Amino acid sequence: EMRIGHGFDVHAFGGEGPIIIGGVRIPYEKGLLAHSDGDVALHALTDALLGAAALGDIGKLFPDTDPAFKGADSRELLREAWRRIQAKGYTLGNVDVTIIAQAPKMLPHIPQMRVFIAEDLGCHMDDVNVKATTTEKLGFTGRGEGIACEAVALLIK
Amino acid sequence: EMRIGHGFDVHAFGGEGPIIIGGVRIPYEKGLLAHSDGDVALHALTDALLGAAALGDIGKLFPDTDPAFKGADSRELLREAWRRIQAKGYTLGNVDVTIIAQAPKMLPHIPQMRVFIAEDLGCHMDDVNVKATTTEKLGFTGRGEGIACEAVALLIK
Amino acid sequence: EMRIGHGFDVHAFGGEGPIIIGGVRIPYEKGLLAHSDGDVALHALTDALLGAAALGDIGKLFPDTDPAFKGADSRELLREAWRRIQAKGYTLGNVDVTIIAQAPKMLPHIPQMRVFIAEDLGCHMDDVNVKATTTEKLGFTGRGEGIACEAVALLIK
Ligand SMILES: Nc1ccn([C@@H]2O[C@H](COP(=O)(O)OP(=O)(O)O)[C@@H](O)[C@H]2O)c(=O)n1
Ligand SMILES: Nc1ccn([C@@H]2O[C@H](COP(=O)(O)OP(=O)(O)O)[C@@H](O)[C@H]2O)c(=O)n1
Ligand SMILES: Nc1ccn([C@@H]2O[C@H](COP(=O)(O)OP(=O)(O)O)[C@@H](O)[C@H]2O)c(=O)n1
Ligand SMILES: [Mn+2]
Ligand SMILES: [Mn+2]
Ligand SMILES: [Mn+2]
Ligand SMILES: [Zn+2]
Ligand SMILES: [Zn+2]
Ligand SMILES: [Zn+2]
């Protein structure tokens, strides 16, 4: 059996760079604001994975009032979600992530995100794809207020 | 054979609450403007299912020209779509919905949404996932202008 | 093996019509600005297909920088991407595209887009769905500033 999931996330710019996306530190004039590290790509991916498994979403796994994972980096959260998904009997088919950002340029950093994601999910780098697009200066991303990310995932059981 | 579909919808706030999302009435300071009940979750889901089956979109199935569904609630629209999709020989793999709203909070209402959706599609609740995310006060969702929803579905033949 | 992919694109209105969407010329008071024909639907679809095949994105394959692709139209790019994907051993499962635009009306033009996509991917028209939705005058699409498109694809290996 196969299952599909989808995730979407947005974080706002604020503070000083670098930003962290896909587990990779990217120099930039502004940072990403969040209680968390603000890794919009890993949050969206985590939600797609949890969604395919019908385990809810990242907020449901890591409640605001829960002290356990407060302070954790997003790679840690991805690995723990993944542990809980595998405990339900699933393995990974493949994942695809789309970063929506006017800047910074993501392409040079995409290879390194793929390695980190592949290590965290214990899969082949050929099962992991990441891309980026701008919105041609339109909307909150085009005005440089923040970054959004969409992801989809296919799990096998 | 398995087939994938994707849906997206947006409705604007207007008037007084409550709003209806995933078939669940939720109290709020404003209502959702729409000829229909404005249920963005169910419209996005209906489009994702129609999309997987290559049956077009909710506008093609329910034109303003057809009186049968004028004024029908969105659950009735989802069920008629599901009938057409089943007539094509499909059964449900799984669905995942992502509500994009700064407010109201969706978490406590999601259990009921899952039950209503599972009822409408004749499946187990474990084949239905619903999550939500804010856009951190950015964009028309972040400013509280309206609500958006994305959905993916996997059908089996 | 089955594999999923997702794509998203945006282009801004500017210049004279028509606009070109899914390979179809649609009359409109403005065109879509781009170094290209600005076909958001085909770009998003090309990205979903490349994504499923873990080949990156249209910008990795066809950099706006490289003269080899100067003046290529979006169908030529979709076909070349498809050529590369098939060379990797994949065949088409199905694709679903969602155009997000306040105007012009897409519905009358969608059947032709389906034909063109099916021709370019060498598949049956029934493996290709295209839909449209407005955002109810909200956001950059609602204000008539640009058009967005999301797509998903399922490939078989
Ligand atoms: N309208 C909404 C928005 C999000 N939420 C929940 O609140 C959690 C956090 O939302 P957020 O948009 O602040 O997420 P982050 O990437 O900051 O963790 C989500 O993961 C959902 O559990 C909700 O229930 N209702
Ligand atoms: N640019 C557009 C937008 C929507 N549509 C069609 O119009 C219908 C209604 O779009 P809408 O955004 O008003 O949809 P609702 O969720 O209000 O029903 C869609 O289902 C499509 O069939 C279109 O043909 N062209
Ligand atoms: N923040 C971003 C956005 C896009 N890109 C890359 O830049 C290319 C072109 O982006 P774009 O938004 O102008 O795309 P199109 O005009 O080609 O549809 C993308 O296809 C990615 O390869 C990036 O690396 N960093
Ligand atoms: Mn409408
Ligand atoms: Mn947050
Ligand atoms: Mn561009
Ligand atoms: Zn986040
Ligand atoms: Zn709607
Ligand atoms: Zn484009």
Side-chain angles (χ1 to χ4, degrees), chain B residues 1-14 32-36 38 40 43-44 46-61 63-65 85 88-90 93 96 100 135 138-157, chain C residues 1-8 41 44-45 48-49 51-52 91-102 105-111 113-115 117-118 123-143 145 148-156:
Chain B
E1 178 170 302
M2 284 179 115
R3 289 192 56 125
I4 179 181
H6 163 278
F8 179 67
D9 193 22
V10 166
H11 285 283
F13 289 127
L32 280 167
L33 292 196
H35 344 261
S36 70
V40 247
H43 291 175
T46 298
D47 270 353
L49 294 164
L50 290 171
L55 288 182
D57 59 40
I58 57 191
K60 186 194 187 207
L61 242 69
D64 332 82
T65 251
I85 289 161
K88 275 190 75 168
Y90 296 104
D96 183 29
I100 302 167
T135 56
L138 308 182
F140 72 84
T141 41
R143 291 186 308 272
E145 309 190 17
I147 289 181
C149 187
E150 298 212 66
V152 291
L154 206 47
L155 296 182
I156 289 164
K157 202 62 190 180
Chain C
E1 241 235 356
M2 290 191 123
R3 293 188 56 118
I4 188 177
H6 163 275
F8 179 70
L45 179 58
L49 293 161
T91 50
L92 188 77
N94 74 295
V95 303
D96 187 20
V97 176
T98 298
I99 292 159
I100 307 157
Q102 192 59 43
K105 189 80 172 189
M106 304 292 161
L107 185 41
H109 306 107
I110 278 178
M113 297 180 198
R114 294 177 64 206
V115 175
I117 292 169
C123 62
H124 300 141
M125 231 197 141
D126 192 74
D127 295 325
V128 178
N129 195 70
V130 178
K131 312 180 288 310
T133 180
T134 75
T135 55
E136 305 298 343
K137 304 294 266 201
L138 305 179
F140 67 87
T141 45
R143 295 187 307 265
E145 301 171 350
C149 192
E150 294 228 21
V152 288
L154 196 72
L155 298 177
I156 297 158

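Residue numbers start from 1 in every chain, and the chains themselves are labelled A, B, ... in the order their sequence lines are given, proteins ahead of strands.
Atom CZ of residue B:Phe140 and atom CZ of residue C:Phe140 lie 9.0 Å apart, to the nearest 0.5 angstrom. Rounding to the nearest 0.5 angstrom, the gap separating the CZ atom in B:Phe13 from the CD atom in C:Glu136 is 13.0 Å. Note that OG1 of C:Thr133 is 7.0 Å distant from NE2 of B:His11, once rounded to the nearest 0.5 Å. For the atom pair NE2 (B:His6) and CG (C:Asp96), the distance works out to 8.0 Å, reported to the nearest 0.5 Å. For the atom pair OG1 (C:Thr134) and CG (B:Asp9), the distance works out to 7.5 Å, reported to the nearest 0.5 Å.
Interface remark: B:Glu150 contributes side-chain atoms only to the contact with chain C (heavy atom separation under 4.5 Å). Both the backbone and the side chain of C:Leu154 come within contact range of chain B, each with at least one heavy atom under 4.5 Å from a heavy atom of that chain. Residue C:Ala153 touches chain B through its backbone alone, counting heavy-atom pairs closer than 4.5 Å.
With respect to chain B, the highest number of heavy-atom pairs below 4.5 Å among C:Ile4, C:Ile100, C:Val130, C:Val97 belongs to C:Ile100. For the set C:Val95, C:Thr98, C:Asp126, the entry with the most heavy-atom pairs within less than 4.5 Å of chain B is C:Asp126.
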Validation: residues 49-61 of chain B side-chain donor-acceptor distances under 3.5 Å, sequence neighbours left out:
from	atom 1	to	atom 2	distance (Å)
B:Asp57	OD1	B:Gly59	N	3.0
B:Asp57	OD1	B:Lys60	N	3.0
B:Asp57	OD2	C:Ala132	N	3.2

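Checked by atom type and distance alone, the side chain of C:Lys137 never pairs as donor or acceptor with a backbone atom of B:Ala12 at under 3.5 Å.
A search for side chain to side chain contact (heavy atoms under 4.5 Å, CB included) contacts involving B:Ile156 returns B:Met2, B:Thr91, not counting sequence neighbours.
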